[PDB]
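For reference, the structure is listed below as structure tokens.
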Amino acid sequence: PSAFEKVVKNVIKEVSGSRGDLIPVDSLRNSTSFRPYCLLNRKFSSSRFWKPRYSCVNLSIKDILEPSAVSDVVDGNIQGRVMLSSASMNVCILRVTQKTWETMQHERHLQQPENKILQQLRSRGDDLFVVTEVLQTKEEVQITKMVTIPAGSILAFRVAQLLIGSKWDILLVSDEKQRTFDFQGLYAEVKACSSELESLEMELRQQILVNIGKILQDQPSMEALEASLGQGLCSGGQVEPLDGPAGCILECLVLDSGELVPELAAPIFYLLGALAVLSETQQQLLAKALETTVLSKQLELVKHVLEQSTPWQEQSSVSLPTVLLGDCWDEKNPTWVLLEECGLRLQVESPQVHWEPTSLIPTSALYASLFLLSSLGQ
């Protein structure tokens with residue numbers, strides 16, 4: 001949360017919606033992408049405890065069906081005003097009624113001859129969502145570096161997964177199971193995964209670690225890596241070789257031909273997703289600790305924060321064994337920042353951490369990342 005993630009976290013927290021998942025916007029330069037009726041894709045989701053970043057398809061919805069338009073954005077419901085941490089800013093929300101969704105679901109139907117993007121997306125198994133309610137600004141606001149935010153700038157949005165095939169329809173109710181085209185289970189997932197890694201050759205492991213530690217400093221490598229893995233997996237066939245440390249890992253999963261080994265590549269697809277959700281500063285600091293054992297502690301602390309925050313709906317608090325980290329626990333401690341960039345606010349006095357529901361998804365993966373990376377090196 002550098003500069004502009006702060007005012008967005010204020011607005012989504014004060015008037016948070018108990019009707020559905022209110023996803024926050026990330027960059028102010030990308031806010032136009034997430035307008036109502038617009039489209040976003042998210043990669044495959046082989047887990048329940050997280051769902052990686054929603055990425056913008058850079059397309060609306062009137063252009064996937066037959067006749068073009070979308071229709072129009074309805075429901076200006078001005079959010080009156082908010083409190084900040086000048087200091088008096090009015091925001092507004094833009095929604096599209098399910099009535100207009102269902103008439104346009106019956107008015108226009110799917111455009112079949114779409115193979116440019118619709119086929120590039122199903123080729124990987126990616127979920128597809130439409131932006132269904134959005135929260136934008138009314139006032140041209142100037143907040144303190146000084147920054148200006150123009151009228152209509154979007155600050156958060158609600159999405160609706162839609163599935164394809166014979167009929168297109170919208171999922172206003174977020175069913176995490178249908179695809180487009182407790183902690184007991186969490187440990188069950190990440191331990192079932194770490195099983196298929198505990199059967200790998202020794203220097204096989206250490207090569208993937210250092211190569212992952214290499215692409216830990218460069219996301220585009222990871223995005224393409226996560227891409228090749230998803231393309232080759234739920235479709236089969238041959239994967240095109242890749243360069244850089246993205247390629248040096250890829251070469252560990254193609255047989256001799258370009259075809260992947262599922263028992264050996266889906267788990268790295270998994271770990272990859274667990275790294276997808278991390279913060280830039282977060283994944284960077286994680287890169288230097290791969291070659292050490294100071295992951296088991298990080299694992300064990302994070303295991304704590306999630307084993308003591310159950311049930312995961314109520315804004316709870318947890319105390320942590322400061323004694324375990326060895327080093328003086330403070331604002332410049334590794335595990336402090338891992339959890340702070342994880343969306344939690346910490347303090348030295350017990351209870352040390354303040355766990356929110358917003359950070360179940362990120363903290364989830366922070367455990368998984370630490371579980372598997374620590375699982376390679378034993």
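For the structure tokens, the naming scheme is as follows: chains receive sequential letters (A, B, ...) according to their order of presentation, residues are indexed from 1 within each chain, and ligands are indexed from 1 in presentation order.
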
Would you list the contacts of stretch 281-291 of chain A as a ChimeraX atom specification, taking every protein, DNA or RNA residue within 10 Å and counting only C-alpha atoms, but skipping same-chain residues closer than 4 positions in sequence?
/A:206,209-210,212-219,275-277,295,334-335,337-342,366,369-370,373-374,376-377

Contacts of residue A:95 within 7 Å, only C-alpha atoms, excl. fewer than 4 positions in-chain, as an NGL selection string
:A and (73-75 or 132-134)

Using C-alpha atoms, can you export the residues from the last selection as a PDB file, in the first residue's frame?
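part.pdb written:
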```pdb
ATOM      1  CA  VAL A  73     -24.733   2.073 -16.411  1.00  0.00           C
ATOM      2  CA  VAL A  74     -27.632   2.479 -13.952  1.00  0.00           C
ATOM      3  CA  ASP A  75     -27.988   3.207 -10.203  1.00  0.00           C
ATOM      4  CA  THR A 132     -21.122  -5.730 -12.200  1.00  0.00           C
ATOM      5  CA  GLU A 133     -20.937  -2.899  -9.636  1.00  0.00           C
ATOM      6  CA  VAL A 134     -18.236  -0.269  -9.299  1.00  0.00           C
TER       7      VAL A 134
END
```

Spatial neighbours of residue A:143, 12 Å, only C-alpha atoms, chain gap at least 5 places, as number ranges by chain
A: 3-4, 6-7, 84-89, 148-150

Create the file for the chosen residues now, containing N, CA, C and O atoms and written as a compact mmCIF listing (two decimals), in the first residue's frame.
```txt
# COMPACT_ATOMS: atom_id res chain seq x y z
N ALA A 3 0.97 4.69 -1.83
CA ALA A 3 0.47 6.06 -1.79
C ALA A 3 -1.04 6.13 -1.96
O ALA A 3 -1.73 6.90 -1.27
N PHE A 4 -1.56 5.40 -2.93
CA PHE A 4 -2.95 5.53 -3.30
C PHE A 4 -3.77 4.30 -2.91
O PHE A 4 -5.00 4.35 -2.96
N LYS A 6 -3.91 3.51 0.07
CA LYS A 6 -4.36 3.87 1.41
C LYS A 6 -5.77 4.45 1.40
O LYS A 6 -6.62 4.07 2.21
N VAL A 7 -6.05 5.39 0.48
CA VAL A 7 -7.37 6.00 0.43
C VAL A 7 -8.42 5.01 -0.08
O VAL A 7 -9.62 5.15 0.21
N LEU A 84 -11.32 9.97 6.47
CA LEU A 84 -9.96 9.69 6.00
C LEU A 84 -9.04 9.45 7.19
O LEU A 84 -9.36 9.81 8.33
N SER A 85 -7.90 8.80 6.94
CA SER A 85 -6.89 8.61 7.98
C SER A 85 -5.63 9.43 7.67
O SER A 85 -5.07 9.33 6.57
N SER A 86 -8.80 17.11 0.48
CA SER A 86 -8.58 17.48 1.87
C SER A 86 -8.85 16.31 2.82
O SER A 86 -8.02 15.40 2.97
N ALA A 87 -10.01 16.36 3.49
CA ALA A 87 -10.44 15.32 4.41
C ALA A 87 -11.95 15.08 4.32
O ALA A 87 -12.49 14.33 5.15
N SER A 88 -12.63 15.68 3.34
CA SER A 88 -14.07 15.54 3.10
C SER A 88 -14.26 15.18 1.63
O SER A 88 -14.28 16.06 0.76
N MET A 89 -14.37 13.88 1.34
CA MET A 89 -14.55 13.37 -0.02
C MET A 89 -15.81 12.53 -0.18
O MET A 89 -16.03 11.56 0.56
N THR A 148 -3.62 14.29 -7.39
CA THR A 148 -4.96 14.67 -7.80
C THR A 148 -5.65 13.45 -8.38
O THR A 148 -5.02 12.62 -9.03
N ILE A 149 -6.94 13.34 -8.08
CA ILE A 149 -7.73 12.20 -8.51
C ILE A 149 -8.98 12.76 -9.19
O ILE A 149 -9.79 13.42 -8.57
N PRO A 150 -9.17 12.48 -10.48
CA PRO A 150 -10.23 13.16 -11.23
C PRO A 150 -11.58 12.51 -11.00
O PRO A 150 -11.70 11.35 -10.61
```

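Note that the spacing between atom CA of residue A:294 and atom CA of residue A:221 amounts to 25.4 Å.
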
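The gap separating atom CA of residue A:51 from atom CA of residue A:245 is 24.8 Å, in Å to one decimal.
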
Option closest in space to residue A:207, from A:170, A:353, A:299, A:250 [counting only C-alpha atoms]
A:250

Find the residues around residue A:125 up to 9 Å (only C-alpha atoms counted), leave out those fewer than 4 positions away in its own chain, and share them as a ChimeraX atom specification.
/A:43-44,121,179-181,230-231,234-235

Report the residues of stretch 53-121 of chain A whose backbone DSSP state falls under strand (DSSP E), written as number ranges by chain.
A: 55-56, 74-82, 89-95

Would you output that residue set with N, CA and C atoms, as an mmCIF file, in the first residue's frame?
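Just written: result.cif:
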```cif
data_model
loop_
_atom_site.group_PDB
_atom_site.id
_atom_site.type_symbol
_atom_site.label_atom_id
_atom_site.label_comp_id
_atom_site.auth_asym_id
_atom_site.auth_seq_id
_atom_site.Cartn_x
_atom_site.Cartn_y
_atom_site.Cartn_z
ATOM 1 N N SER A 55 -6.998 -9.874 -13.647
ATOM 2 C CA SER A 55 -6.285 -9.171 -14.705
ATOM 3 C C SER A 55 -7.263 -8.676 -15.737
ATOM 4 N N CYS A 56 -6.979 -7.521 -16.324
ATOM 5 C CA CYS A 56 -7.913 -6.910 -17.271
ATOM 6 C C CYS A 56 -7.718 -7.431 -18.705
ATOM 7 N N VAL A 74 -26.473 2.015 -14.710
ATOM 8 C CA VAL A 74 -27.632 2.479 -13.952
ATOM 9 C C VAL A 74 -27.216 2.654 -12.490
ATOM 10 N N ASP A 75 -28.142 3.137 -11.660
ATOM 11 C CA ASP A 75 -27.988 3.207 -10.203
ATOM 12 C C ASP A 75 -26.797 4.077 -9.777
ATOM 13 N N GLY A 76 -26.921 5.385 -9.966
ATOM 14 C CA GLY A 76 -26.016 6.235 -9.214
ATOM 15 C C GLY A 76 -26.582 6.286 -7.810
ATOM 16 N N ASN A 77 -25.867 5.757 -6.804
ATOM 17 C CA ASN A 77 -26.304 5.748 -5.394
ATOM 18 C C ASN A 77 -25.208 6.425 -4.547
ATOM 19 N N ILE A 78 -25.184 7.771 -4.506
ATOM 20 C CA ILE A 78 -24.014 8.501 -3.988
ATOM 21 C C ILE A 78 -23.702 8.083 -2.559
ATOM 22 N N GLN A 79 -22.461 7.634 -2.339
ATOM 23 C CA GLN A 79 -22.004 7.147 -1.008
ATOM 24 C C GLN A 79 -21.824 8.323 -0.041
ATOM 25 N N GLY A 80 -22.596 9.397 -0.229
ATOM 26 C CA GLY A 80 -22.516 10.582 0.648
ATOM 27 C C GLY A 80 -21.016 10.797 0.770
ATOM 28 N N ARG A 81 -20.479 10.684 1.990
ATOM 29 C CA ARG A 81 -19.081 11.092 2.301
ATOM 30 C C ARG A 81 -18.370 9.978 3.079
ATOM 31 N N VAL A 82 -17.054 10.127 3.269
ATOM 32 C CA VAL A 82 -16.225 9.174 3.988
ATOM 33 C C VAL A 82 -15.292 9.889 4.963
ATOM 34 N N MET A 89 -14.368 13.878 1.341
ATOM 35 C CA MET A 89 -14.550 13.369 -0.015
ATOM 36 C C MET A 89 -15.814 12.532 -0.178
ATOM 37 N N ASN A 90 -16.670 12.949 -1.108
ATOM 38 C CA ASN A 90 -17.874 12.219 -1.485
ATOM 39 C C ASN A 90 -17.554 11.175 -2.561
ATOM 40 N N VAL A 91 -17.942 9.908 -2.342
ATOM 41 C CA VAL A 91 -17.815 8.864 -3.371
ATOM 42 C C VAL A 91 -19.226 8.389 -3.739
ATOM 43 N N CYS A 92 -19.317 7.589 -4.814
ATOM 44 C CA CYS A 92 -20.580 7.122 -5.399
ATOM 45 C C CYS A 92 -20.410 5.694 -5.902
ATOM 46 N N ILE A 93 -21.508 4.933 -5.984
ATOM 47 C CA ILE A 93 -21.434 3.576 -6.522
ATOM 48 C C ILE A 93 -22.367 3.409 -7.720
ATOM 49 N N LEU A 94 -21.895 2.617 -8.692
ATOM 50 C CA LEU A 94 -22.537 2.355 -9.980
ATOM 51 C C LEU A 94 -22.779 0.863 -10.074
ATOM 52 N N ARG A 95 -24.025 0.493 -10.244
ATOM 53 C CA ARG A 95 -24.427 -0.896 -10.186
ATOM 54 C C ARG A 95 -25.189 -1.149 -11.468
#
```

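Residue nearest residue A:201, chosen from A:16, A:313, A:178, A:378 and counting only C-alpha atoms: A:378.
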
Do you know which residues are at most 7 Å from residue A:316 counting only C-alpha atoms, after dropping those on the same chain fewer than 4 positions away, and could you put them as a PyMOL selection string?
chain A and resi 309+354-356
